[PDB]
Amino acid sequence: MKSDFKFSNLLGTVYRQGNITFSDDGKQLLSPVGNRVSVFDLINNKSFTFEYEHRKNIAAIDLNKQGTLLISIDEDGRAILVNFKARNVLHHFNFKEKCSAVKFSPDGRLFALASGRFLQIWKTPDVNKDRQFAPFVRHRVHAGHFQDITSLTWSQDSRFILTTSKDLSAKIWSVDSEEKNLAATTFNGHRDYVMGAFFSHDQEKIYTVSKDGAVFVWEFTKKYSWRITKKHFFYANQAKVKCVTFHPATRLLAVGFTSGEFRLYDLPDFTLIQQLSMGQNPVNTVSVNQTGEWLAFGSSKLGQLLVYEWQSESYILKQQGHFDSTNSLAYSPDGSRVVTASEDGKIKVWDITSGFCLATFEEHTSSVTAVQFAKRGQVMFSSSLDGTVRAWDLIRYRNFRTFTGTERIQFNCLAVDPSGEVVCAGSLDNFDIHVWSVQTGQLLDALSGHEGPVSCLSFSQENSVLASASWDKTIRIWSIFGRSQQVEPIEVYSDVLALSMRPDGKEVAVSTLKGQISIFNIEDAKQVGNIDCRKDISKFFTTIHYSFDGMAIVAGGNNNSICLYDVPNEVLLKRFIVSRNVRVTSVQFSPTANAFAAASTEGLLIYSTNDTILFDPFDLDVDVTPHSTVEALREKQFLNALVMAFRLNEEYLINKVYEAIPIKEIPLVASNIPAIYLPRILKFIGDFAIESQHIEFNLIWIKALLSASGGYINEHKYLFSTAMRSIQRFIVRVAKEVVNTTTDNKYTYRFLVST
Amino acid sequence: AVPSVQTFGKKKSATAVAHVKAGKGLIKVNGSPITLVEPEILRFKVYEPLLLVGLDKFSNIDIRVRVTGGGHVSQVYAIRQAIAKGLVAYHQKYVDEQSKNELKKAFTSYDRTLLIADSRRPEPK
Amino acid sequence: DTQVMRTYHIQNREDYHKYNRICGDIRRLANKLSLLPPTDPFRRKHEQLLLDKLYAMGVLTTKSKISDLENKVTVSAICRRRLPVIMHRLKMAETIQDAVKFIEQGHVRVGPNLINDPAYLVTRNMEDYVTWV
Amino acid sequence: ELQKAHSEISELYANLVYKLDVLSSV
Amino acid sequence: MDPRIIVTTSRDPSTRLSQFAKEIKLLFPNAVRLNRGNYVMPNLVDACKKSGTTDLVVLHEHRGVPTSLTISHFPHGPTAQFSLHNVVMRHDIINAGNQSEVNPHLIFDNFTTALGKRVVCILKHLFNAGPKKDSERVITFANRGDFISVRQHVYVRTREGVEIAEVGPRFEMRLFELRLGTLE
RNA sequence: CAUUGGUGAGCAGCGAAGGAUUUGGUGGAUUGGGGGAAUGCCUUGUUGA
RNA sequence: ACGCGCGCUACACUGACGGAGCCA
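Protein chains in written order, with my numbering: chain W, 1 to 755; chain D, 1001 to 1125; chain S, 2001 to 2133; chain L, 3001 to 3026; chain H, 4001 to 4184.
This is the structure we're talking about:
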């Protein structure tokens, strides 16, 4: 593996503060985090743009009128421009001062920034290529006010700017030096502090709201001038109106509270439509869709990290969690679901291929320390600081058992067999290791062998060997299923915390008490010790994992860095997190061989092996044209089209050279493929299958290949392990579709015979 | 001040201390050069740190070691251990890291615990 | 008052107020849980668990009776759970001043983690694992 | 009465366990 | 809960110490026979603390009075040393009758709860090997002041007649050194 | 006897008409618990104008 | 009269005799 591994997702949605908005399409959600910007699509949540020039963690964000331009503003007053796929088109330090709000036109000509005591409006650049040192042009600026500008509103004429100010007043701005009605007349009389104003989309009602709950209505009579029309006085509501947004339907109001509840109103009626509670944590900001069908509102960082989507006919579209700093991760045996462990004592399941927050379990009394799956796909065991461990199955959602029984307040490491018979846990403050049969919770023994705190534990796929790393310079090996016990080695060096097993039972990886990470086998032949963990903005060794093909391990400490290594000596690639104020605490490796994970305090995973890179595996260009020679082998010689266009690796060719060959030709092809061109096409089918609707077509392929070379992948293991997992998830996720509905037309014909 | 390190090592009961300073290539045992050890059979065992790394490798080195405790054989397992970690810990500080790994990679392939001391803790199985 | 502020190298003046509020909560818990019929196993069980967790927190290092809960829980007891006082009384440094001088600049280690805070606290069972770097 | 006293004392005990638990691992 | 007992002598046992160690081995599922290749290792504290065991038994021989048994509870550290009556030639028995997992009834005669009570605890804390707690045999601890006697008998009923069965060796010990241990 | 610590005089070598150590300012970029009332207060009822 | 068992001492041709080296 050599591929360009880079961030194109993140681990759970909103940790931090910011604005929030939709696209004009109604199908794309714009919900930032503090550090980057994560724009989901509403159906099948995915990840589109990933800027990083933000040195400070706050955003202000909006798109113009079709989503071709996105900005994001942090505290300092520099902004960054992207078009559609994070080109990072333009970059622009804009201000030495912070910004409160940013607003486009519905026309894409003008541009709106509120800062300091001024108001900036800019001429918008179109989409082009680059070639501007300074792309933004100043149109006008307006002086002046008395203090800060906190909210901003645009009108439909693109001539008419309604803006509030911090000094309990509002003002009006004609854009094109018109002096619309020859008046920029102030709005006063407000007893309390102003949180927002809105201009209605019929040019006759000018709208203001205050922090107390008061709402003031002015008319377009400019006897002659402004007169009040409807007043209020609220003294018993007794909170503060935190945020406010107005409908493009021009009938409805939305009001957010610090108290933790959600208000809806009507504009000239002042009827109470609905209010909804979600907690006590304050509402930060709220924005409505362009058609009033969907509502979304964001919640503040110290309070809920939760953003709901409620409709006007009252049902919650998207609910979510995404809590704080994370302890542990593990991949499911199907490569789609990822467990997380949080500090507040929950266990949440994340479907991070598709951004759902699926399901939770809450029986913990305090923080969670360890999660890992069993290989059956049935059950998963959680470990806590509760003083006990417990079992879980997936959509039965029911607690099997809660093993404990000696007086204890701290467990720190949890590991189970592949056999599912016995569960072992290592006490951080007892010098002993615990086992339990999963049948009862009987206590078999207490295996007394250490002299320090036992701190990392794992099993083998041979499954007769227990690997037991304690924090006293001593690695130990155990027998559980024989009729005796064993002799346990001594390290040379440097107290260990991180243990990691090869899936063979033949190799053990340890992390020494410095940057040296070291490996040795089960006949203690120490292969490599490897160099430090760099990137200060002391050095550590916290987690380490053996990759599934048996050719790589991944090291993560707590120093803003993560390193790749192979089985020989060499440093492969060092990826790392840039931000500003631990980060990494857990890393494991996917069973799809496409990416892996790194549990960070921000929360960020993916590596994403892609195929945009020109690899030349077996002398690619002696097959001179990728087009015309392949065009010759689409007419003739379908054995040679596979070997020719397979040495080539344009993904824009493999669809056609793979599709075009006929059905009867397929067993003749699979019977005559070379054994060296096998795994990349077995991995190609396992990830091309999940996309298209060619189920019959790919299924006759996998019949031919799996029918062809069964013993060869039986003996030449540990790569077709990964590929075989990738095809098996497609097989089960299509089988449980068509067996269900084919049953649902299998009852029908005999149900006709009934009566 | 001169650049120098100091390591030591021990088999069953004997202990042995080693200085490593920059010099002209001498190896002394309490008063005496290395070619004298007597048991007279096992002298290749203390030659072992020299030829595993190579004959030269000492051209700006001086070595002296000394022996306390132990029986006849167990003195020699000490002094072969002391020169072993002695040589490495010179390369730690003035020669690069990458020489040291090449010592570590070459020694540990042949490892008769040249870098760790054995320690017995008997136990009822 | 400020005798305590000057004895244990407190970096602030706020810390005496904070620990005063926590000890006030412990005393009013003690008084409210005290005024029950003494055969009610609620009172016996909860004062017992309060005793055992105050064993573990190292504040009542002395093995205790019930009436010690009014008596000994002061600010200075929890102030003796601060790190450099554990460091001095474990005979590493020479004065409390020089212990704080070492923790200001990173040479002290509890467990596998670096420490640079003079307000980290130690248990009665974490202080076995204190060394240097 | 007695049940009320068990209510408020179990409340302050539940709060106090939290306040000491903040200092327990920090 | 049930203890883990280790038995150990000097490097030179004869037959008379061998068969004696074979009888003392017969207090299992937790009694294990073991010699040392030194005389007594001073690392037995790391042996028991690392192994997690609770108790230790030492057989040796001195010339202040003749031969000596030694019992110690390991983590706290109380240690009773006792003197024996006869070590000359016992019965060559290593297992006969039942197994030693059978927890017998335990008999103390001549109740002295003044200052021998610490002894009477330890003999309770030693002979609880096994989950049985139901009597098939019986072991007798006879005080005669500072002379105690040890017996092993099996229930032999005959026409509902409570007849004893003498089996195993017959001991008679005296309180030798008992070192004042610690709460540590 | 241990080129063992402190100290001083010379030699081979390295360089040539200057070398070695030490420090100040300046510019660019980065960095509160338990009890209690008179008195006073708070709440509530009342009495006369 | 005697017996039983443990330790202790010899018979071995890895033999004598003489030195020199040298480790807890």
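From the three backbone atoms N, C-alpha and C, an ideal C-beta is built for every residue, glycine too.
In the DSSP assignment, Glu219/W is bridged to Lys205/W. Excluding sequence positions up to five before and after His4073/H, its CB lies within less than 6 Å of the CB of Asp4055, all in the same chain and listed in chain order. DSSP places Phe111/W inside the beta strand (DSSP E), whose first and last residues are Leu110 to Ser115. When the beta-carbon positions are compared, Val4167/H and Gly4097/H come within less than 7 Å of each other. Sequence-distant partners of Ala59/W (beyond 5 residues in either direction) whose C-beta falls short of 6 Å from its own C-beta, in its chain, are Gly18, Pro32 and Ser72.
Rounded to whole angstroms, the gap between the alpha carbons of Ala509/W and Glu488/W is 16 Å. Against chain H, a Cβ distance below 7 Å from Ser448/W picks out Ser4051 and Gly4052.
Closer than 7 Å to the CB of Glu488/W there is not a single CB belonging to chain H. Residue environment analysis places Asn2031/S among the exposed positions, since fewer than 16 neighbouring C-beta atoms fall within 10 angstroms of its C-beta. Straight across, the Cα-Cα distance linking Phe187/W with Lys171/W is about 7 Å. DSSP places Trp350/W in the uninterrupted beta strand (DSSP E) bounded by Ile347 to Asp351. For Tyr3018/L, the enclosing alpha helix (DSSP H) has its first and last residue at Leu3002 to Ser3025. For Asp566/W, DSSP records a beta bridge to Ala552/W. The alpha-carbon separation between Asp2001/S and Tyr2008/S amounts to approximately 12 Å.
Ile4139/H is a Cβ neighbour of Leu4106/H, given a cutoff of 7 Å. Of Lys4025/H, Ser4010/H and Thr4015/H, the smallest CA-CA separation from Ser4100/H is found for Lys4025/H. Not one beta carbon of chain D lies nearer than 7 Å to the beta carbon of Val127/W.
For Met4173/H, the enclosing beta strand (DSSP E) covers residues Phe4171 to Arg4179. Straight across, the Cα-Cα distance linking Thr353/W with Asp687/W is about 13 Å. For the segment 2101-2131 of chain S, the beta-carbon criterion of a distance under 7 Å to any beta-carbon of chain W is satisfied by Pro2112, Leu2114 and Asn2125.
Exposure of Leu668/W is indicated by the presence of fewer than 16 other C-beta atoms within 10 angstroms of its C-beta.
With respect to the 7 Å criterion, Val657/W and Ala641/W are classified as neighbours on the basis of their beta carbons.
In the three-state reduction of the DSSP assignment, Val379/W falls in the strand class, which pools E and B. The beta carbon of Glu75/W sits closer than 6 Å to those of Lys56, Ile58 and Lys98, all from its chain and outside the five residues before and after it, given in chain order.
Under DSSP, the beta-bridge partners assigned to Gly196/W are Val209/W.
For a Cβ distance threshold of 9 Å, residue set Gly4052 of chain H lies close to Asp432/W, ordered along the chain. Put simply, the CB of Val4032/H is near chain D, with a gap under 7 Å to one of its CB atoms. Under DSSP, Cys2023/S takes part in no beta bridge, so it has no partner.
Here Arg575/W is near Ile562/W, since their CB atoms are less than 7 Å apart. Residues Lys506, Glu507, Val508 and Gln527 of the same chain have their beta carbon placed closer than 8 Å to that of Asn521/W, with the five preceding and five following residues left out of the count.
Note on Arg4011/H: under 16 other CB atoms within 10 angstroms of its CB, so exposed under the neighbour-count rule.
Sequence-distant Cβ neighbours of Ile613/W in its own chain, meaning closer than 7 Å and more than five residues away, are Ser3 and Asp4. Across the structure, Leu2114/S and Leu573/W are spaced so that their CA atoms are roughly 27 Å apart. The straight-line gap separating the alpha-carbon atoms of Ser2076/S and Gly405/W is approximately 37 Å. Contact note: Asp4046/H reaches chain D through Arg1121, using a C-beta cutoff of 8 Å and chain order.
Taken through DSSP and simplified to helix, strand or coil, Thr404/W comes out as coil.
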